[PDB]
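Listing of model_31.cif; format and content: mmCIF, C-alpha atoms and all ligand atoms; chains and numbers go by the auth columns.
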data_structure
loop_
_atom_site.group_PDB
_atom_site.id
_atom_site.type_symbol
_atom_site.label_atom_id
_atom_site.label_comp_id
_atom_site.label_asym_id
_atom_site.label_seq_id
_atom_site.Cartn_x
_atom_site.Cartn_y
_atom_site.Cartn_z
_atom_site.B_iso_or_equiv
_atom_site.auth_seq_id
_atom_site.auth_asym_id
ATOM 1 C CA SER A 1 -27.232 92.614 -18.363 0.00 7 A
ATOM 2 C CA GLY A 2 -24.654 94.964 -19.928 0.00 8 A
ATOM 3 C CA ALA A 3 -23.251 96.314 -23.196 0.00 9 A
ATOM 4 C CA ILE A 4 -20.082 97.812 -24.738 0.00 10 A
ATOM 5 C CA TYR A 5 -20.527 101.181 -26.485 0.00 11 A
ATOM 6 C CA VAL A 6 -17.743 101.915 -28.980 0.00 12 A
ATOM 7 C CA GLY A 7 -18.062 104.490 -31.780 0.00 13 A
ATOM 8 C CA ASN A 8 -21.499 104.059 -33.367 0.00 14 A
ATOM 9 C CA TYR A 9 -21.809 100.433 -32.170 0.00 15 A
ATOM 10 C CA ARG A 10 -23.462 98.657 -29.215 0.00 16 A
ATOM 11 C CA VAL A 11 -22.106 95.134 -28.384 0.00 17 A
ATOM 12 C CA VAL A 12 -24.436 92.861 -26.365 0.00 18 A
ATOM 13 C CA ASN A 13 -24.901 89.112 -25.604 0.00 19 A
ATOM 14 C CA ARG A 14 -26.902 87.787 -28.597 0.00 20 A
ATOM 15 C CA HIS A 15 -29.364 86.000 -26.205 0.00 21 A
ATOM 16 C CA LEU A 16 -30.137 89.345 -24.469 0.00 22 A
ATOM 17 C CA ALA A 17 -30.475 91.505 -27.655 0.00 23 A
ATOM 18 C CA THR A 18 -33.666 93.622 -27.679 0.00 24 A
ATOM 19 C CA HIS A 19 -36.191 94.248 -30.551 0.00 25 A
ATOM 20 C CA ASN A 20 -34.264 97.534 -31.143 0.00 26 A
ATOM 21 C CA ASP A 21 -30.876 95.750 -31.405 0.00 27 A
ATOM 22 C CA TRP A 22 -32.307 93.406 -34.080 0.00 28 A
ATOM 23 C CA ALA A 23 -33.917 96.329 -36.008 0.00 29 A
ATOM 24 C CA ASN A 24 -30.485 98.088 -36.140 0.00 30 A
ATOM 25 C CA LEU A 25 -28.422 94.878 -36.674 0.00 31 A
ATOM 26 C CA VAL A 26 -24.822 95.220 -37.952 0.00 32 A
ATOM 27 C CA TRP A 27 -23.513 91.665 -37.242 0.00 33 A
ATOM 28 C CA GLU A 28 -24.379 88.618 -35.122 0.00 34 A
ATOM 29 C CA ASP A 29 -22.838 85.201 -34.454 0.00 35 A
ATOM 30 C CA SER A 30 -24.889 82.579 -32.544 0.00 36 A
ATOM 31 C CA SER A 31 -21.729 80.426 -32.034 0.00 37 A
ATOM 32 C CA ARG A 32 -20.092 83.365 -30.165 0.00 38 A
ATOM 33 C CA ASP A 33 -23.234 84.613 -28.294 0.00 39 A
ATOM 34 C CA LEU A 34 -22.529 88.148 -29.715 0.00 40 A
ATOM 35 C CA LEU A 35 -24.655 90.735 -31.479 0.00 41 A
ATOM 36 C CA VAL A 36 -23.622 94.239 -32.599 0.00 42 A
ATOM 37 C CA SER A 37 -26.212 96.950 -33.391 0.00 43 A
ATOM 38 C CA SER A 38 -25.796 100.568 -34.600 0.00 44 A
ATOM 39 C CA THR A 39 -26.322 103.647 -32.394 0.00 45 A
ATOM 40 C CA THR A 40 -26.866 107.370 -33.081 0.00 46 A
ATOM 41 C CA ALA A 41 -24.817 108.590 -30.065 0.00 47 A
ATOM 42 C CA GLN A 42 -21.008 108.135 -29.839 0.00 48 A
ATOM 43 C CA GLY A 43 -19.997 105.402 -27.373 0.00 49 A
ATOM 44 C CA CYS A 44 -18.126 105.658 -24.058 0.00 50 A
ATOM 45 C CA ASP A 45 -15.722 102.612 -24.455 0.00 51 A
ATOM 46 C CA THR A 46 -12.224 101.681 -26.017 0.00 52 A
ATOM 47 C CA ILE A 47 -11.437 98.018 -27.215 0.00 53 A
ATOM 48 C CA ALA A 48 -8.190 96.294 -26.139 0.00 54 A
ATOM 49 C CA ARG A 49 -5.966 95.057 -29.031 0.00 55 A
ATOM 50 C CA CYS A 50 -3.636 92.740 -27.115 0.00 56 A
ATOM 51 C CA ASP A 51 -2.971 89.176 -25.877 0.00 57 A
ATOM 52 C CA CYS A 52 -3.521 89.852 -22.114 0.00 58 A
ATOM 53 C CA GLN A 53 -4.625 86.796 -20.107 0.00 59 A
ATOM 54 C CA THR A 54 -5.320 88.726 -16.826 0.00 60 A
ATOM 55 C CA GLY A 55 -7.877 91.481 -16.173 0.00 61 A
ATOM 56 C CA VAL A 56 -10.819 92.527 -14.016 0.00 62 A
ATOM 57 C CA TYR A 57 -14.544 91.832 -14.611 0.00 63 A
ATOM 58 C CA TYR A 58 -17.758 93.268 -13.144 0.00 64 A
ATOM 59 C CA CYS A 59 -20.003 90.689 -11.360 0.00 65 A
ATOM 60 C CA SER A 60 -23.566 92.122 -10.978 0.00 66 A
ATOM 61 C CA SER A 61 -24.679 89.263 -8.665 0.00 67 A
ATOM 62 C CA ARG A 62 -22.047 90.426 -6.115 0.00 68 A
ATOM 63 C CA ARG A 63 -21.993 94.214 -7.014 0.00 69 A
ATOM 64 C CA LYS A 64 -18.178 93.786 -7.171 0.00 70 A
ATOM 65 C CA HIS A 65 -15.253 93.647 -9.584 0.00 71 A
ATOM 66 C CA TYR A 66 -12.940 90.612 -9.433 0.00 72 A
ATOM 67 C CA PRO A 67 -9.415 90.089 -10.830 0.00 73 A
ATOM 68 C CA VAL A 68 -9.133 86.942 -13.075 0.00 74 A
ATOM 69 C CA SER A 69 -6.607 84.827 -15.016 0.00 75 A
ATOM 70 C CA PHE A 70 -8.397 83.548 -18.170 0.00 76 A
ATOM 71 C CA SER A 71 -7.728 81.140 -21.031 0.00 77 A
ATOM 72 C CA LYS A 72 -7.033 82.251 -24.647 0.00 78 A
ATOM 73 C CA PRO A 73 -10.164 82.488 -26.891 0.00 79 A
ATOM 74 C CA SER A 74 -11.197 78.958 -27.870 0.00 80 A
ATOM 75 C CA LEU A 75 -13.994 76.471 -28.840 0.00 81 A
ATOM 76 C CA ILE A 76 -15.597 75.242 -25.577 0.00 82 A
ATOM 77 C CA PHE A 77 -18.561 72.902 -25.062 0.00 83 A
ATOM 78 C CA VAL A 78 -21.538 74.658 -23.391 0.00 84 A
ATOM 79 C CA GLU A 79 -24.587 72.753 -22.101 0.00 85 A
ATOM 80 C CA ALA A 80 -28.145 73.430 -23.345 0.00 86 A
ATOM 81 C CA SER A 81 -29.962 76.373 -21.733 0.00 87 A
ATOM 82 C CA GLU A 82 -33.315 78.160 -22.342 0.00 88 A
ATOM 83 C CA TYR A 83 -31.446 80.254 -24.989 0.00 89 A
ATOM 84 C CA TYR A 84 -29.400 77.710 -26.940 0.00 90 A
ATOM 85 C CA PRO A 85 -29.229 73.992 -27.671 0.00 91 A
ATOM 86 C CA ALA A 86 -26.091 72.147 -26.395 0.00 92 A
ATOM 87 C CA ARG A 87 -23.216 73.320 -28.654 0.00 93 A
ATOM 88 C CA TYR A 88 -19.566 74.458 -28.946 0.00 94 A
ATOM 89 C CA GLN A 89 -19.256 78.201 -28.292 0.00 95 A
ATOM 90 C CA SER A 90 -16.321 79.779 -30.153 0.00 96 A
ATOM 91 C CA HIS A 91 -14.027 82.697 -29.112 0.00 97 A
ATOM 92 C CA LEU A 92 -14.765 81.931 -25.397 0.00 98 A
ATOM 93 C CA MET A 93 -12.305 82.494 -22.513 0.00 99 A
ATOM 94 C CA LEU A 94 -12.752 80.705 -19.136 0.00 100 A
ATOM 95 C CA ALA A 95 -11.665 81.782 -15.693 0.00 101 A
ATOM 96 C CA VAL A 96 -12.307 80.710 -12.107 0.00 102 A
ATOM 97 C CA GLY A 97 -14.885 83.110 -10.641 0.00 103 A
ATOM 98 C CA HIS A 98 -18.542 83.687 -9.764 0.00 104 A
ATOM 99 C CA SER A 99 -21.142 84.024 -12.582 0.00 105 A
ATOM 100 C CA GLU A 100 -24.967 83.625 -12.516 0.00 106 A
ATOM 101 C CA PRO A 101 -27.159 83.919 -15.695 0.00 107 A
ATOM 102 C CA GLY A 102 -28.025 87.619 -14.991 0.00 108 A
ATOM 103 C CA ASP A 103 -24.272 88.396 -14.855 0.00 109 A
ATOM 104 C CA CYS A 104 -24.070 88.131 -18.706 0.00 110 A
ATOM 105 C CA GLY A 105 -22.982 91.476 -20.139 0.00 111 A
ATOM 106 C CA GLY A 106 -20.528 92.356 -17.352 0.00 112 A
ATOM 107 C CA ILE A 107 -17.363 93.774 -18.907 0.00 113 A
ATOM 108 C CA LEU A 108 -13.895 92.172 -18.628 0.00 114 A
ATOM 109 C CA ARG A 109 -11.100 94.794 -18.986 0.00 115 A
ATOM 110 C CA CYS A 110 -7.309 94.797 -18.994 0.00 116 A
ATOM 111 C CA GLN A 111 -4.928 97.870 -18.898 0.00 117 A
ATOM 112 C CA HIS A 112 -5.530 98.299 -22.699 0.00 118 A
ATOM 113 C CA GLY A 113 -9.330 98.510 -22.673 0.00 119 A
ATOM 114 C CA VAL A 114 -12.349 96.233 -23.061 0.00 120 A
ATOM 115 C CA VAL A 115 -11.501 92.546 -23.629 0.00 121 A
ATOM 116 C CA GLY A 116 -14.984 90.957 -23.681 0.00 122 A
ATOM 117 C CA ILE A 117 -18.278 90.337 -21.863 0.00 123 A
ATOM 118 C CA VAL A 118 -19.565 87.630 -19.473 0.00 124 A
ATOM 119 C CA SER A 119 -21.399 84.954 -21.515 0.00 125 A
ATOM 120 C CA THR A 120 -21.227 81.652 -19.465 0.00 126 A
ATOM 121 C CA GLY A 121 -21.035 80.524 -15.806 0.00 127 A
ATOM 122 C CA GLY A 122 -21.780 77.990 -13.063 0.00 128 A
ATOM 123 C CA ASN A 123 -19.567 75.516 -11.149 0.00 129 A
ATOM 124 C CA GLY A 124 -17.304 78.314 -9.922 0.00 130 A
ATOM 125 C CA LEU A 125 -16.319 79.234 -13.527 0.00 131 A
ATOM 126 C CA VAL A 126 -17.005 82.374 -15.582 0.00 132 A
ATOM 127 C CA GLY A 127 -16.773 82.455 -19.411 0.00 133 A
ATOM 128 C CA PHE A 128 -16.216 85.636 -21.450 0.00 134 A
ATOM 129 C CA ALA A 129 -17.010 86.217 -25.127 0.00 135 A
ATOM 130 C CA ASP A 130 -13.858 87.832 -26.636 0.00 136 A
ATOM 131 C CA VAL A 131 -14.251 91.010 -28.741 0.00 137 A
ATOM 132 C CA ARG A 132 -10.504 91.863 -29.362 0.00 138 A
ATOM 133 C CA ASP A 133 -10.449 90.240 -32.815 0.00 139 A
ATOM 134 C CA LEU A 134 -13.347 92.469 -34.093 0.00 140 A
ATOM 135 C CA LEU A 135 -11.104 95.184 -35.568 0.00 141 A
ATOM 136 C CA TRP A 136 -13.938 96.871 -37.470 0.00 142 A
ATOM 137 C CA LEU A 137 -15.452 98.021 -34.111 0.00 143 A
ATOM 138 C CA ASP A 138 -12.697 100.795 -34.155 0.00 144 A
ATOM 139 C CA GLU A 139 -13.636 102.252 -37.554 0.00 145 A
HETATM 140 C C1 LIG B . -25.462 78.786 -14.344 0.00 201 B
HETATM 141 O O1 LIG B . -25.498 79.131 -15.735 0.00 201 B
HETATM 142 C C2 LIG B . -25.014 80.358 -16.111 0.00 201 B
HETATM 143 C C3 LIG B . -24.299 81.214 -15.289 0.00 201 B
HETATM 144 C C4 LIG B . -23.809 82.410 -15.795 0.00 201 B
HETATM 145 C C5 LIG B . -24.051 82.775 -17.098 0.00 201 B
HETATM 146 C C6 LIG B . -24.774 81.941 -17.934 0.00 201 B
HETATM 147 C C7 LIG B . -25.246 80.732 -17.441 0.00 201 B
HETATM 148 S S1 LIG B . -26.153 79.673 -18.531 0.00 201 B
HETATM 149 O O2 LIG B . -25.362 78.513 -18.800 0.00 201 B
HETATM 150 O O3 LIG B . -27.476 79.534 -18.003 0.00 201 B
HETATM 151 N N1 LIG B . -26.283 80.495 -19.931 0.00 201 B
HETATM 152 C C8 LIG B . -27.592 81.102 -20.233 0.00 201 B
HETATM 153 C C9 LIG B . -27.420 82.230 -21.226 0.00 201 B
HETATM 154 C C10 LIG B . -26.665 81.750 -22.463 0.00 201 B
HETATM 155 C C11 LIG B . -25.308 81.145 -22.083 0.00 201 B
HETATM 156 C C12 LIG B . -24.518 80.766 -23.324 0.00 201 B
HETATM 157 N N2 LIG B . -23.557 81.604 -23.685 0.00 201 B
HETATM 158 O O4 LIG B . -24.780 79.739 -23.955 0.00 201 B
HETATM 159 C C13 LIG B . -25.567 79.982 -21.117 0.00 201 B
HETATM 160 ZN ZN ZN B . -4.496 94.018 -22.650 0.00 202 B
#
Go ahead and express the file in the form of structure tokens.
Amino acid sequence: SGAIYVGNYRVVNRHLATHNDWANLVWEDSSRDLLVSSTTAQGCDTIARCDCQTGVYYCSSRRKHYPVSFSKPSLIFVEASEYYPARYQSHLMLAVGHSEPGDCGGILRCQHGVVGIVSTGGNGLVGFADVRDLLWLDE
């Protein structure tokens, strides 16, 4: 679990969005595993606007943060799960690291701010849904 709170927006994994997220929907993209809902309170986070390929992510299944080198956002094949059929997930960045299903929502950050959230895992890999291209989150 986990979310990004920026301005009057809440960013979560689309497969973990609640009834309340869907009732206050701003934007969603099944191919990216992202959903953004509106909030009444002002958020605690800042979004990175950069091309960093290193950062640190929070891993709930280890209660620890890990430093990672990750690929640029791209179209990557992801196997079928309880939440999605087998498909290509877009705007995904892979890194070598630990990730279990419940780790989705952990934040990846660089020195500039929030880069994205955990969205995929297994096999000693961790995949993050990028949010740096969503410029409207800042206004
Ligand atoms: C071992 O599998 C994981 C580990 C960490 C995280 C996720 C998995 S998952 O592949 O089960 N996963 C389930 C949730 C939706 C996700 C997606 N983005 O398509 C896929
Ligand atoms: Zn950066």
### Message
So, with only C-alpha atoms as the atoms that count, which of A:103, A:91, A:133, A:8 lies closest to residue A:68?
### Response
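Distance minimum relative to residue A:68 lands on A:103.
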### Message
Counting all atoms listed in the file, which residue out of A:74, A:62, A:56, A:141 sits closest to ligand ZN 202 (chain B)?
### Response
A:56
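Note that the spacing between atom CA of residue A:27 and atom CA of residue A:45 amounts to 9.2 Å.
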### Evaluate the PyMOL selection byres (((not hetatm)) within 6 of (chain B and resi 201)) and report residues as JSON, numbers by chain
{"A": [39, 87, 89, 90, 105, 106, 107, 110, 125, 126, 127, 128]}
Could those residues be written to a file, using C-alpha atoms, as a PDB file, in the frame of the given file?
ATOM      1  CA  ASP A  39     -23.234  84.613 -28.294  1.00  0.00           C
ATOM      2  CA  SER A  87     -29.962  76.373 -21.733  1.00  0.00           C
ATOM      3  CA  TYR A  89     -31.446  80.254 -24.989  1.00  0.00           C
ATOM      4  CA  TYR A  90     -29.400  77.710 -26.940  1.00  0.00           C
ATOM      5  CA  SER A 105     -21.142  84.024 -12.582  1.00  0.00           C
ATOM      6  CA  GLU A 106     -24.967  83.625 -12.516  1.00  0.00           C
ATOM      7  CA  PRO A 107     -27.159  83.919 -15.695  1.00  0.00           C
ATOM      8  CA  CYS A 110     -24.070  88.131 -18.706  1.00  0.00           C
ATOM      9  CA  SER A 125     -21.399  84.954 -21.515  1.00  0.00           C
ATOM     10  CA  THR A 126     -21.227  81.652 -19.465  1.00  0.00           C
ATOM     11  CA  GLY A 127     -21.035  80.524 -15.806  1.00  0.00           C
ATOM     12  CA  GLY A 128     -21.780  77.990 -13.063  1.00  0.00           C
TER      13      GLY A 128
END
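Non-sequential neighbours of residue A:40 (distance at most 9 Å, separation of 4 or more positions within a chain, only C-alpha atoms) are residues 17, 18, 19, 20, 21, 23, 33, 34, 35, 36, 125, 135 and 137 of chain A.
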### Message
At a cut-off of 7 Å and counting only C-alpha atoms and all ligand atoms, what residues surround ligand ZN 202 (chain B)? Please answer as a PyMOL selection string.
### Response
chain A and resi 54-58+116-119
#### Entry: 10 Å contact set for residue A:145, all atoms listed in the file, chain neighbours under 6 positions out, as a ChimeraX atom specification
/A:12-15
Would you mind exporting C-alpha atoms of the selected residues as a PDB file, keeping the file's coordinate frame?
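The result, written out as selection_11.pdb:
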ATOM      1  CA  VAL A  12     -17.743 101.915 -28.980  1.00  0.00           C
ATOM      2  CA  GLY A  13     -18.062 104.490 -31.780  1.00  0.00           C
ATOM      3  CA  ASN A  14     -21.499 104.059 -33.367  1.00  0.00           C
ATOM      4  CA  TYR A  15     -21.809 100.433 -32.170  1.00  0.00           C
TER       5      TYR A  15
END
## Note on the structure
Shortest contact to residue A:80, candidates A:66, A:30, A:60, A:37, atoms counted all atoms listed in the file, goes to A:37
### Message
Running the PyMOL selection byres (((chain A and resi 96) around 6) and not hetatm) on this model by hand, what would come out? Give it as a PyMOL selection string.
### Response
chain A and resi 37-38+80-81+95+97-98
## Note on the structure
Among A:64, A:83, A:76, A:94, residue A:108 is approached most closely, using all atoms listed in the file, by A:64
#### Entry: Selected residue of minimal separation from residue A:114 among A:22, A:65, A:102, A:92, counting all atoms listed in the file
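For residue A:114, the nearest of the candidates is A:65.
With all atoms listed in the file as the basis for measurement, A:121 is the residue among A:121, A:7, A:25, A:32 that approaches residue A:134 most closely.
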I'd like the box whose edges run along x, y and z of the file and which contains every listed atom of stretch 48-55 of chain A, padded by 3 Å per side; could you state its centre and edge lengths in Å, one decimal, as lines of an AutoDock Vina configuration file?
center_x = -13.5
center_y = 101.6
center_z = -26.9
size_x = 21.0
size_y = 19.1
size_z = 11.8
### Query
Quick one, how far is atom CA of residue A:124 from atom CA of residue A:46?
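Straight-line distance from atom CA of residue A:124 to atom CA of residue A:46 works out to 25.1 Å.
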